A.B. asks: 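Below is one structure. I have some questions about it.
All values below were derived from every heavy atom in this structure, side-chain atoms included, with hydrogens, water molecules and symmetry-related copies excluded. Numbering starts at 1 and runs along the sequence shown. As the structure lists them, so they are numbered: ligands from 1, and atoms in each ligand from 1.
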Amino acid sequence: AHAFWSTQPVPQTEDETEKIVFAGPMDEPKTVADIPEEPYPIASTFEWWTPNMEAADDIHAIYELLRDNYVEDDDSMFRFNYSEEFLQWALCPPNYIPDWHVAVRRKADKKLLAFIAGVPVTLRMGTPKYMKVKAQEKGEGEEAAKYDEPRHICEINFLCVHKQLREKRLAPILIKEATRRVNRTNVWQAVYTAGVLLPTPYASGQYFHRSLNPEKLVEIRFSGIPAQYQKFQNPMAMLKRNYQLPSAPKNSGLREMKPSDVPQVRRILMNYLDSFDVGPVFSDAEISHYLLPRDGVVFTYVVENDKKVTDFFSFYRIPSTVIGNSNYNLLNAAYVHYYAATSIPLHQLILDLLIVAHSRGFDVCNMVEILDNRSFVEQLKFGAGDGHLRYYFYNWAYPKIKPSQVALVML
Ligand SMILES: CCCCCCCCCCCCCC(=O)SCCNC(=O)CCNC(=O)[C@H](O)C(C)(C)COP(=O)(O)OP(=O)(O)OC[C@H]1O[C@@H](n2cnc3c(N)ncnc32)[C@H](O)[C@@H]1OP(=O)(O)O
Ligand SMILES: CCOC(=O)CN1C(=O)COc2ccccc21
């Protein structure tokens, strides 16, 4: 039993989403008028709260909750520690709906107890490409293309319930209130990812990791020395040696992105992203927002030659609490953001990504095998990790697609 998710407009089994052919909603059509206006009911010792994410103090309250109760690895060794500046960036993109930030706090003391966030995204989510072959083979093309327009939908992230309130059916309530807040905005779909398995992903992929500073990584037990460095002399010298990287970017005319680069970056990004079944459409302002550099949060580099931007790469920082350990406090991880390459092999672009990230003192580079990510795993010495990021839609029938057919990076 999924007592909550069986009541929801998502596919219920693997046997379902295997036999789904066309993209489209699950539910009855409805209207804003059908949606209660009053927040969902809750125990009287609690209340709903809309944080103002342009207030240091609301942001901080969310920051503390996540720092202490947000996602942990399987082995309870590391926990995400999204910075404050990062939460402002992630939760307040252009035309964000403040109302989609849903928090529950105790009435008495106003201790924040749970949080879920929605942000707007414009997403291509019509029938995949392969499934549109099938639909010419069968004369069903107009059914298949029905919902090809980019849709303005909700991107849910940051679900979190305080450690003390777990197993108390509090996250379903959170999800119904967000659903409601977003329905009242005349939005009927959402996209979200989970480390865990839910009904029912349309795509799933491995996480990959790339040692930048293996000495710390072994120290904090993020990595072990693999059993074959024992047969060596000073094992940690070999390890350091294997993951060593140039001090400086290899592509001449790599430099940080600037505001004047926005249109060019947008363009080559959209042409690249367009070639995936599921992917975001960004306007200029979204491009400025998600990709212009911010100290400690997001780092973006472009390749210019002949005052011509031909390639870009970007990554964002999420530091993680090292949960055991007295020696070290934080894991300083970089995550491969969007990129696009037109003048150079992608592995050569992303190598400079690793170089920059290492010289800025990051410990590790992380990704999921979305995009053409898989195409540089071997040469750049990434290794698969434990677990899988799953991608899900709410109220949207979608066939199972490969993860290299997904172009949405989830913060
Ligand atoms: C159109 C508008 C739509 C907008 C909304 C779209 C949907 C948004 C969907 C949300 C996308 C979030 C994406 C992310 O942010 S993924 C990150 C999720 N957060 C964490 O992992 C942080 C650490 N963990 C926690 O804070 C809690 O364990 C959470 C909050 C995860 C569950 O709290 P708790 O452990 O106290 O459980 P409960 O007793 O209250 O509730 C039990 C029910 O919750 C179902 N559950 C467990 N984990 C997840 C999960 N990650 N997504 C969705 N559902 C989940 C579970 O199957 C069970 O239901 P059912 O099997 O009985 O049916
Ligand atoms: C062994 C993974 O450690 C991390 O890279 C950091 N991390 C966290 O701290 C929280 O749990 C995660 C889940 C999925 C991806 C990354 C992380």
A.B. asks: What are the two closest heavy atoms between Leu353 and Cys365, and how far apart are they?
C.D. replies: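 Smallest heavy-atom distance, with atoms named: CD2-SG, 3.9 Å.
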A.B. asks: Any chance the side chains of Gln8 and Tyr394 put a donor and an acceptor closer than 3.5 Å?
C.D. replies: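 Judged by distance alone, the side chains do pair up.
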A.B. asks: For atom 11 (C) of ligand 1, grab the closest protein heavy atom and report residue, atom and distance to one decimal in Å.
C.D. replies: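 That would be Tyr192 CD1, 3.4 Å.
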A.B. asks: Heavy-atom distances under 4.0 Å are what count here, so tell me which part of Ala171 touches ligand 1: side chain, backbone, both or neither.
C.D. replies: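 Within the 4.0 Å criterion, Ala171 contacts ligand 1 through backbone and side-chain atoms alike.
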A.B. asks: Distance only, no hydrogens: is a donor on one side chain within 3.5 Å (strictly under) of an acceptor on the other, for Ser283 and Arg266?
C.D. replies: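 Not at all, the side chains of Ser283 and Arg266 share no donor-acceptor pair under 3.5 Å.
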A.B. asks: Hey, is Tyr392 touching ligand 1 through its side chain, its backbone, both or neither, going by heavy atoms under 4.0 Å?
C.D. replies: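 Neither part.
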A.B. asks: With heavy atoms of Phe158 as the reference, note each atom of ligand 1 found under 4.0 Å away.
C.D. replies: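 This gives 15 (O) as the contact atoms.
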A.B. asks: Between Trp5 and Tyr192, what is the ring plane arrangement, given parallel below 30°, perpendicular above 60°, and tilted in between?
C.D. replies: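 Geometry flag for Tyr192 against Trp5: parallel rings.
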A.B. asks: Of the non-hydrogen atoms in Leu66 and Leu87, which two are nearest, and what is the gap between them?
C.D. replies: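 So the minimum-distance heavy-atom pair works out to CD1-CD2, 3.7 Å.
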A.B. asks: Decide whether the shortest distance between a heavy atom of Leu198 and an atom of ligand 1 is less than 4.0 Å.
C.D. replies: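 Yes, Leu198 has a heavy atom closer than 4.0 Å to ligand 1.
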A.B. asks: Counting only heavy atoms on the protein side, is anything nearer than 4.0 Å to atom 47 (C) of ligand 1?
C.D. replies: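 No; the ligand atom in question lacks any protein heavy-atom contact below 4.0 Å.
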A.B. asks: Polar contacts were defined as any N/O atom of the residue lying under 3.5 Å from an N/O atom of the ligand; does this apply to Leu159 and ligand 1?
C.D. replies: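 Yes - when backbone and side-chain N and O of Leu159 are compared with those of ligand 1, one distance drops under 3.5 Å.
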A.B. asks: Under a 4.0 Å threshold between the charged nitrogen and the carboxylate oxygen, would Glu72 count as salt-bridged to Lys163?
C.D. replies: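 A salt bridge is present here (some side-chain N lies under 4.0 Å from a carboxylate O).
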A.B. asks: Could you walk me through whether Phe382 and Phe208 pass the ring pair (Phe, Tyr, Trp, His ring centres under 6.0 Å) check?
C.D. replies: CA-CA 6 Å; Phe382 287 74; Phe208 290 84; 7.2 Å; no
A.B. asks: Does only the side chain of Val161 get under 4.0 Å from ligand 1, or the backbone, or both, or neither? Count heavy atoms.
C.D. replies: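 The answer is both, backbone and side chain.
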A.B. asks: With side chains defined as the heavy atoms from C-beta onward, is the minimum distance between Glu37 and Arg184 less than 4.5 Å?
C.D. replies: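 Yes - at least one pair of side-chain heavy atoms lies under 4.5 Å apart.
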A.B. asks: Identify the protein heavy atom lying closest to atom 61 (O) of ligand 1, giving its residue, its atom name and the separation to 0.1 Å.
C.D. replies: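 Protein heavy atom with the smallest distance to atom 61 (O) of ligand 1: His2 ND1, 2.7 Å.
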A.B. asks: Got the closest protein heavy atom to atom 41 (O) of ligand 1, with its distance?
C.D. replies: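 Here the closest protein heavy atom is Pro172 CD, 3.3 Å.
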A.B. asks: Does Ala3 come within less than 4.0 angstrom of ligand 1, counting non-hydrogen atoms of the residue?
C.D. replies: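 True for this residue.
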A.B. asks: Where do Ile268 and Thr310 come nearest, in terms of heavy atoms and distance?
C.D. replies: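 Where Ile268 meets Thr310 most closely, the heavy atoms are CD1-O, 3.5 Å.
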A.B. asks: Determine whether the side chain, the backbone, both or neither of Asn69 has a heavy atom under 4.0 Å from any heavy atom of ligand 1.
C.D. replies: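 Under 4.0 Å from ligand 1, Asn69 contributes backbone atoms alone.
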A.B. asks: Just to be sure I understand the cut-off, which residues have at least one non-hydrogen atom under 4.0 angstrom from an atom of ligand 2?
C.D. replies: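 Around ligand 2, where the cutoff is 4.0 Å for heavy atoms, the contacting residues are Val71, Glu72, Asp73, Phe78, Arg79, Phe80, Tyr207, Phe222, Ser320, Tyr335, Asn366.
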A.B. asks: Are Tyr339 and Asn373 close enough that a side-chain donor and a side-chain acceptor fall under 3.5 Å?
C.D. replies: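 Result is yes, a qualifying pair exists.
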A.B. asks: Using a 4.0 Å cut-off to any heavy atom of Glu167, which atoms of ligand 1 qualify?
C.D. replies: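 Here the atoms of ligand 1 in question are 34 (P), 36 (O), 39 (O).
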A.B. asks: ring-ring contact (aromatic ring centres under 6.0 Å, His included) with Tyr316: which of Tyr338, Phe362, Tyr335?
C.D. replies: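 It is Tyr335; the other options fail the test.
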A.B. asks: Would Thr193 count as a contact of ligand 1 if the rule is a heavy atom under 4.0 Å away?
C.D. replies: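 Distance cut 4.0 Å: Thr193 passes for ligand 1.
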A.B. asks: With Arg105 as the cation and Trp49 as the aromatic partner, state whether NZ or CZ is under 6.0 Å from the six-membered ring centre and within 45° of the axis.
C.D. replies: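 Flagged: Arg105 positioned over aromatic ring of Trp49.
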A.B. asks: Ligand 1 and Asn183, any nitrogen or oxygen pair closer than 3.5 angstrom?
C.D. replies: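 No.
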A.B. asks: Taking atom 1 (C) of ligand 1 as the point of reference, which of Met410, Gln189, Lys176, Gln164 owns the nearest heavy atom?
C.D. replies: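 Result: the heavy atom closest to atom 1 (C) of ligand 1 is in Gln189.
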A.B. asks: Would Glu84 and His60 count as having a side-chain donor-acceptor pair, cut-off 3.5 Å?
C.D. replies: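 Yes.
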A.B. asks: So is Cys160 touching ligand 1 or not, going by heavy atoms under 4.0 Å?
C.D. replies: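 Judged by the 4.0 Å heavy-atom criterion, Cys160 does count as contacting ligand 1.
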A.B. asks: For atom 3 (C) of ligand 1, what is the nearest protein heavy atom, given as residue, atom name and distance?
C.D. replies: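 So the nearest neighbour among protein heavy atoms is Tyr394 CD2, 3.5 Å.
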A.B. asks: Would you please classify the geometry between the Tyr70 ring and the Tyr82 ring as parallel, tilted or perpendicular, with 30° and 60° separating the classes?
C.D. replies: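 The rings of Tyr82 and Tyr70 sit tilted, inter-plane angle from 30° to 60°.
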A.B. asks: If you measure only the distance, is there a donor-acceptor pair under 3.5 Å linking the side chains of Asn81 and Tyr63?
C.D. replies: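 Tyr63 and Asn81 do have a side-chain donor-acceptor pair below 3.5 Å.
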A.B. asks: Around atom 8 (C) of ligand 1, find the nearest protein heavy atom and jot down its residue, atom name and distance.
C.D. replies: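 So the nearest neighbour among protein heavy atoms is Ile156 CG2, 3.8 Å.
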A.B. asks: Would you tell me which option among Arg169, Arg181, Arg166 has the nearest heavy-atom contact to atom 58 (C) of ligand 1?
C.D. replies: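 Result: the heavy atom closest to atom 58 (C) of ligand 1 is in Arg169.
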A.B. asks: Suppose I only count heavy atoms of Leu170 and a 4.0 Å limit; which atoms of ligand 1 are within that range?
C.D. replies: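 Per the distance check, 40 (O).
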A.B. asks: Show me which atoms of ligand 1 lie under 4.0 Å from any heavy atom of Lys168.
C.D. replies: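 Those of ligand 1 that fall under 4.0 Å from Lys168 are 39 (O).
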A.B. asks: Can you tell me if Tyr272 and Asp372 form a side-chain donor-acceptor pair at under 3.5 Å?
C.D. replies: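 Indeed, the side chains of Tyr272 and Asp372 share at least one donor-acceptor pair under 3.5 Å.
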A.B. asks: Would you indicate whether the side-chain heavy atoms of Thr122 and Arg151 approach each other to under 4.5 Å?
C.D. replies: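 Result no, sub-4.5 Å side-chain heavy-atom pair not found.
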A.B. asks: Considering only protein heavy atoms, determine whether one is less than 4.0 Å from atom 22 (C) of ligand 1.
C.D. replies: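 Yes; the ligand atom in question has protein heavy-atom contact below 4.0 Å.
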A.B. asks: Parallel, tilted or perpendicular: which one describes the rings of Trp89 and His337, with boundaries at 30° and 60°?
C.D. replies: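 Judged by the thresholds at 30° and 60°, the geometry between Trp89 and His337 is perpendicular.
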A.B. asks: Please write down residue, atom name and distance for the protein heavy atom closest to atom 54 (N) of ligand 1.
C.D. replies: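 Of the protein heavy atoms, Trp5 NE1, 3.4 Å lies nearest.
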A.B. asks: Take the angle between the ring planes of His209 and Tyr207 and call it parallel below 30°, perpendicular above 60°, tilted in between.
C.D. replies: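 It falls in the parallel class, under 30°.
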A.B. asks: Which protein heavy atom lies closest to atom 2 (C) of ligand 1, and at what distance to 0.1 Å?
C.D. replies: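 Result for atom 2 (C) of ligand 1: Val182 CG1, 3.6 Å.
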A.B. asks: Do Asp352 and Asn251 have side-chain atoms, one donor and one acceptor, less than 3.5 Å apart?
C.D. replies: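 Yes - a donor-acceptor pair under 3.5 Å links their side chains.
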A.B. asks: Can you check whether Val71 has an N/O within less than 3.5 Å of an N/O in ligand 1?
C.D. replies: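 Not met; the criterion fails.
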A.B. asks: Can you name the atoms of ligand 1, numbered from 1 with element, that are less than 4.0 Å from a heavy atom of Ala190?
C.D. replies: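 The atoms of ligand 1 under 4.0 Å from a heavy atom of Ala190 are 3 (C), 4 (C), 6 (C).
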A.B. asks: How far is atom 51 (N) of ligand 1 from the closest protein heavy atom, and which atom is that?
C.D. replies: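 Checked against all protein heavy atoms, atom 51 (N) of ligand 1 sits closest to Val196 CG2, 4.0 Å.
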A.B. asks: Under 4.0 Å from ligand 1, counting heavy atoms only, is it the side chain of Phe4, its backbone, both or neither?
C.D. replies: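 Under 4.0 Å from ligand 1, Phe4 contributes backbone and side-chain atoms.
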